[PDB]
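Chains, contacts and geometry: an overview
Here is how the chains run, residue by residue.
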Amino acid sequence: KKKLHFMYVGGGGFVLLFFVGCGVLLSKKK
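1. Considerations on the packing of aromatic side chains
Under the defined criterion, the tally for this structure stands at 2 aromatic pairs. Centre to centre, the rings of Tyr8 and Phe14 are 6.2 Å apart; their planes meet at 75°, and the pair counts as edge-to-face. The class for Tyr8 is partly exposed, based on a relative accessible area of 47%. Between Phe18 and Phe19 the ring centres are 6.0 Å apart and the planes differ by 75°, which places this aromatic pair in the edge-to-face class. Taking the relative accessible area as the measure of exposure, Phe18 reaches 65% and is therefore exposed.

So, how was this worked out
Residues numbered from 1 in each chain as written, not as in the entry; some residues may be left out. Heavy atoms only, no water. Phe/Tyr/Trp six-rings, centres within 6.5 Å; stacked < 30°, edge-to-face > 60°. Buried < 20%, exposed > 50% of the residue type's maximum accessible area, 1.4 Å probe, protein only.

Structure, rendered in structure tokens:
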């Protein structure tokens, strides 16, 4: 239970967003 929600912050499903955000700032600027 305690490790269930901790697995999310353990670095995985969120790190994915890290790669999704890098392209966001690139789409704005030219």
